[PDB]
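Structure first, then comments.
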Number of protein chains: 4
Amino acid sequence: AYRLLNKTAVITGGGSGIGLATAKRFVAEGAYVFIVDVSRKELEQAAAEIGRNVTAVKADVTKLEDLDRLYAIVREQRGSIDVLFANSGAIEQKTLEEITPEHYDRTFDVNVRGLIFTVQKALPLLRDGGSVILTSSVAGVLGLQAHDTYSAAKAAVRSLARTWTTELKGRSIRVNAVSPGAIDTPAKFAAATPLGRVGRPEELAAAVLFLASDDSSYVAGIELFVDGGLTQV
Amino acid sequence: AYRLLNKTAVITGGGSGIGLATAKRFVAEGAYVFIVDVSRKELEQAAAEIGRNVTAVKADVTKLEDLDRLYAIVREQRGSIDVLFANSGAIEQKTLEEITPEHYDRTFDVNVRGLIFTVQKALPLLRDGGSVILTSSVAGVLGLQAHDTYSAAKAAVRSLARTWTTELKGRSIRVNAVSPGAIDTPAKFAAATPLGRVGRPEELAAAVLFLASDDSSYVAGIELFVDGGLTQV
Amino acid sequence: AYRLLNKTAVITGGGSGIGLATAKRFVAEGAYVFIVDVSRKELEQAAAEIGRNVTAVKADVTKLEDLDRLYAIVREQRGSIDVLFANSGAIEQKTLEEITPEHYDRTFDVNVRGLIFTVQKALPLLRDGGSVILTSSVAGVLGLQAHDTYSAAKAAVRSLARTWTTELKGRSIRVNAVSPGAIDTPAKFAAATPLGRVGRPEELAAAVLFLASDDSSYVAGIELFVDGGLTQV
Amino acid sequence: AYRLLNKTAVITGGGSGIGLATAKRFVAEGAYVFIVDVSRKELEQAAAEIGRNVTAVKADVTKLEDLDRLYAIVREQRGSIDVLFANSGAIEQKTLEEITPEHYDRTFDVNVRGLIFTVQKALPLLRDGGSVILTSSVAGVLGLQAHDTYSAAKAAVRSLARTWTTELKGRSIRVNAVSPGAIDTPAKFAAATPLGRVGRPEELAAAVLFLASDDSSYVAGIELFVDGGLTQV
């Protein structure tokens, strides 16, 4: 009944949207969860909503020193990590001719750099046999107007799942990417989507649970699309 | 606790290997299971192993009339299908120059023709919101010596999950393909596999469970690789 | 200037459309061409059009004996084959529920069976270092309404490039798939195509030329989409 | 006879390797080539090797002002660009745990940042109906030990081809990625490569030529693997 019973999870971008829904589903599956996000208020809100088996950590994942502090706290409170959901994502729309150094640095900092160090700094705490879920996107295999740097960064995220799969294999740590389509997070995607609707954060959390749990024990390096068929037809 | 509580599942190739493994896991999850295979004896053994909530049906899914009789039995005992796992596979190893018309016919009849019809005739029993999983293979994306027809036919399988995704969306039926790598069924594959081992049939069953269950509610038209990272790296 | 000077090419579906367009280009690049097709009239028109270095052979390539006759003619006139463009293809729209045994058989015969035996029976004639191009389709990676068997069969054709690449590597023979989008042969595809138009048969011929010629000597096993962007964005 | 007769090509990384191979082949095909790179010595040597119809321009394509300056020179000397080969590439091997912020910044600046601004700044000179080729890599779809950032950056590159295809379709500018496998540039990869050898730089230049020429006029948004079958089987 409790597919994650007594496992320790760390979830970044855990103050809202898909991170928050995964946190809630994880606690329901018997996990202890760390939610990590930038906004104090949102973390307090999110933790109260989760209500049990949860520590909230204020951290900007793009800042290395913030990650060291995160992982000291994790070390102190629970001692190790069974599941890491390295969830990050910020989309700013700009076409090629509109891109600035600035737009670029911010897109890649948040979507790639901070993901890379999130996972790097977590290695000393990851148990052998553990599971890492990277958030990529449908955008990482599409050519969408004005999504130049976002799509490119999320294709970078999916690649990291293959490299890490090779690198961490000696510790039996699985690394997989989840690639959400349109998720209803606080229409064109809905139009071309076979299931005919945006997905719910609940549905994305369920897909990450699979990747998190022993049910995906032979599943490694994959890109799991959770996009109601958007990219598959 | 029970992730297919009271759903009715149909599994073809249900008398052994991943079909049997899936049926045991499905019953564990509170589903009622129809196992379907060619051998009365194997089916009797299989049913005893599963032990409850199972009907065994002798059908050669490459024969249209056998599928008629299958679905009539399913219809009289349970009235509709929630999960159809259309699981077939016959592999015979011939290189291009060794291919006979009989080898071609048998390989495609069991892997493609029989699957098509299996799914066509399940249509009138399948519930709206139901889930259909097809058994593809990592061979469907690899260039493997002497696997000419089997690999070709398994790609045909993965393609059908796309077309069916588009054709059944009007009914909310999700169609997805599972692509197993090496599975231990009663070393070279294992050597190139990042998890470093063959998978257990129960690990394949678990991945089919995900597709079968509400956790995959926003997943449609995918190829789910269950191959320890073989095709991913 | 003459990219295929003194090369012997065999082209199936040679009497119209992409097959004829490829023959014409292959002739203008200095090749000696066999066009193979079922209709005498079309072949005579085609040979007249091509105008030089061409033998037209009336063969149904789904028939093993028509292939034996074809290749005895190839062997006696030109000896061995530098380039085989095993271009097959026919489509009939039927949804899953409309699928008949006749429909499936006819689709798989034309699109897969004949293609396997075409390439099988060319083996003793293929020069070492020669090039085999298969016609697949964008359909082999899409979920198109009512394209069930045509798409499934084209995916199979793409898979044969991979396996054949492994099997004939000893003889340095490259096998690659070409996947056309919409080609103009005497809107909806054109609507979703970035280039905003259907392809000319001449453009597909140019892509096949590339696989045919030395320019692609390091390219093997691939699926070259020629669809003005259809499957890529 | 001359496939780029009087076309203006801009090639970055043009002082060595596949850049230089491509410049040479392009001049053979009657183009006027600008070779762009960091080292004056290397540029001078490469310009003498090519021999005719070439300007060498010293530039760090990671610097916006060096690019403004490149395009001023191109604008003055030739007025417009028909073919842009945005070829960039630096690899340094580091495993995840070895990654420094500096290792990360260098890989992405060169392989991605530089690439974006290269094409962005080419836009006012690019003729309508022009052709843009981006160098990706087989690394972009593999999990190779210690290739974390390079493979990731190369997957970003492939994505950009998709996004640009959509952004630029209004001008009929085609954008495609070439993904080299192992290339002999001044055994492990040969081992898993169906062709059984490394690719020659001339062979990569031929493939880029295809993308640059009118033969690929209906080809957009693709990843063209030129890797002897490495990623295809």
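Select from region A:34-66 the residues that are of a type outside the set (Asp, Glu), within 27 Å of A:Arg106 (Cβ to Cβ) and out of contact with any strand residue (DSSP E or B) (no Cβ under 9 Å at 6 or more places or on another chain) and list them in ascending order.
Across region A:34-66, the qualifying residues are A:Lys41, A:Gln45, A:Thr62, A:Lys63, A:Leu64.
What are the residues in region C:159-212 that are of a type in the set (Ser, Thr, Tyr) and more than 21 Å from D:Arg171 (Cβ to Cβ), if any? It would help to see each step written out before you state the result.
Looking only at region C:159-212, we keep the residues that are of a type in the set (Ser, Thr, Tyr), and these are C:159, C:163, C:165-166, C:172, C:179, C:185, C:193.
Within region C:159-212, C:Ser159, C:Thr163, C:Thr165, C:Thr166, C:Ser172, C:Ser179, C:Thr185 qualify.
Go through B:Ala48, B:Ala56 for me and flag whichever is in a helix (DSSP H, G or I), over 20 Å from B:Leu160 (Cα atoms), out of contact with any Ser or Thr (no Cβ under 6 Å at 6 or more places or on another chain) and of a type outside the set (D, E, K, R). Write out each step before concluding.
On the way: B:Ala56 fails: in a helix (DSSP H, G or I).
Result of the check over B:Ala48, B:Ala56: B:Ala48.
Is there a residue in region A:90-103 that is farther than 29 Å from D:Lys63 by Cβ and in contact with a helix residue (DSSP H, G or I) (Cβ under 8 Å, 6 or more places away or on another chain)? Spell out how you get there, then give the answer.
Within region A:90-103, the first condition is being farther than 29 Å from D:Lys63 by Cβ, and the residues that meet it are none.
The answer is no, given that none of the residues of region A:90-103 is farther than 29 Å from D:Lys63 by Cβ and in contact with a helix residue (DSSP H, G or I) (Cβ under 8 Å, 6 or more places away or on another chain).
Any residue at all in region A:97-106 that's buried (at least 20 other Cβ atoms within 10 Å of the Cβ) and more than 8 Å from every other protein chain (Cβ to nearest Cβ)?
No, the conditions are met nowhere in region A:97-106.
A quick yes/no check of all residues on (1) assigned to a helix (DSSP H, G or I); (2) under 17 Å from A:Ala161 (Cβ atoms); (3) more than 7 Å from chain A (Cβ to nearest Cβ):
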site	(1), (2), (3)
D:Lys154	yes, yes, yes
D:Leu160	yes, no, no
D:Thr165	yes, no, no
D:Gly170	yes, no, yes
D:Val175	no, no, yes
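Inside region C:132-148, can you point out the residues that are away from chain A (no Cβ under 12 Å) and closer than 16 Å to B:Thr165 by Cβ?
Within region C:132-148, C:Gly140, C:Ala146, C:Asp148 meet the criteria.
Note down all Cβ pairs under 6 Å where the first residue falls in region D:63-81 and is charged (D, E, K, R), the second is surrounded by fewer than 18 Cβ atoms within 10 Å (Cβ to Cβ), and they're at least six residues apart or on different chains.
Listed by first residue and then by second, the contacts come to D:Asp66/D:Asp60.
Within the bounds of region D:146-156, is there any residue that is in contact with a helix residue (DSSP H, G or I) (Cβ under 9 Å, 6 or more places away or on another chain) and either closer than 20 Å to C:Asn176 by Cβ or surrounded by fewer than 21 Cβ atoms within 10 Å (Cβ to Cβ) (or both)? Talk me through it step by step, then tell me what you get.
Within region D:146-156, the subset in contact with a helix residue (DSSP H, G or I) (Cβ under 9 Å, 6 or more places away or on another chain) is D:146-156.
Of the ones still in play, those that are also either closer than 20 Å to C:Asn176 by Cβ or surrounded by fewer than 21 Cβ atoms within 10 Å (Cβ to Cβ) (or both) are D:146.
Within region D:146-156, one or more residues are in contact with a helix residue (DSSP H, G or I) (Cβ under 9 Å, 6 or more places away or on another chain) and either closer than 20 Å to C:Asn176 by Cβ or surrounded by fewer than 21 Cβ atoms within 10 Å (Cβ to Cβ) (or both).
Are any residues in region B:142-190 among the hydrophobic types (A, V, I, L, M, F, W, C) and over 24 Å from C:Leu144 (Cβ atoms), and if so, which ones? Don't jump to the end; show me each part of the working.
Residues of region B:142-190 that are among the hydrophobic types (A, V, I, L, M, F, W, C), as a first pass: B:142, B:144, B:146, B:152-153, B:155-157, B:160-161, B:164, B:168, B:173, B:175, B:177-178, B:182-183, B:187, B:189-190.
Within region B:142-190, B:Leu142, B:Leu144, B:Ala146, B:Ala182, B:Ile183, B:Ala187, B:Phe189, B:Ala190 qualify.
I'm trying to understand the selection: among the residues of region A:50-83, which are among the acidic types (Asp, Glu) and surrounded by fewer than 13 Cβ atoms within 10 Å (Cβ to Cβ)? So that I can check it myself, show each step before the final result.
In the first step, residues of region A:50-83 are kept if they are among the acidic types (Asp, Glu); the result is A:60, A:65-66, A:68, A:76, A:82.
Across region A:50-83, the qualifying residues are A:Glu65, A:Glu76.
Has region A:173-187 got at least one residue that is under 24 Å from D:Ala139 (Cβ atoms) and more than 17 Å from the chain's Cα centre (by Cα)?
Quick first cut of region A:173-187, residues under 24 Å from D:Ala139 (Cβ atoms) only: A:173-179.
With more than 17 Å from the chain's Cα centre (by Cα) added as a condition, the list becomes none.
No, because not a single residue in region A:173-187 is under 24 Å from D:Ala139 (Cβ atoms) and more than 17 Å from the chain's Cα centre (by Cα).
Report yes if some residue within region C:197-212 is more than 7 Å from chain D (Cβ to nearest Cβ) and of a type in the set (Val, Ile, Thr); otherwise report no.
Scanning region C:197-212 turns up at least one residue that is more than 7 Å from chain D (Cβ to nearest Cβ) and of a type in the set (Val, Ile, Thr).
Could you say whether any residue in region A:211-225 is part of a loop (DSSP other than H, G, I, E, B), surrounded by fewer than 18 Cβ atoms within 10 Å (Cβ to Cβ) and under 18 Å from the mean Cα position of the chain (by Cα)?
Step one: list which residues in region A:211-225 are part of a loop (DSSP other than H, G, I, E, B), which gives A:213, A:217-222.
Next, from what is left, pick out any that are surrounded by fewer than 18 Cβ atoms within 10 Å (Cβ to Cβ): none.
The answer is no, given that none of the residues of region A:211-225 is part of a loop (DSSP other than H, G, I, E, B), surrounded by fewer than 18 Cβ atoms within 10 Å (Cβ to Cβ) and under 18 Å from the mean Cα position of the chain (by Cα).
Looking only at residues that are in contact with a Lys or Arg (Cβ under 8 Å, 6 or more places away or on another chain), of a type in the set (A, V, I, L, M, F, W, C) and under 19 Å from A:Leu20 (Cα atoms) in region A:174-207, which one is surrounded by the fewest Cβ atoms within 10 Å (Cβ to Cβ)?
It comes out as A:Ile183.
Please find, among C:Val119, C:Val132, the residue that is part of a helix (DSSP H, G or I), under 19 Å from C:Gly14 (Cα atoms) and under 14 Å from the mean Cα position of the chain (by Cα). Explain how you work it out, then say what you get.
Numbers: C:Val132 fails: part of a helix (DSSP H, G or I).
From the options C:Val119, C:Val132, the qualifying one is C:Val119.
Could you give me the residue pairs with C-beta distances under 7 Å whose first residue belongs to region C:5-18 and is farther than 23 Å from D:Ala1 by Cα, whose second residue is acidic (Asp, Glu) wherever it lies, and which are 6+ apart or on separate chains?
The qualifying pairs are C:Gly13/C:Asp37; C:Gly14/C:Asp37; C:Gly15/C:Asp37; C:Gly15/C:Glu42; C:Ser16/C:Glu42.
Because the Cβ atoms are built from the backbone with ideal geometry, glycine has one as well, and the counts that use them run over all protein chains shown. Only the coordinates and a few stated rules stand behind these numbers; no lab work does.
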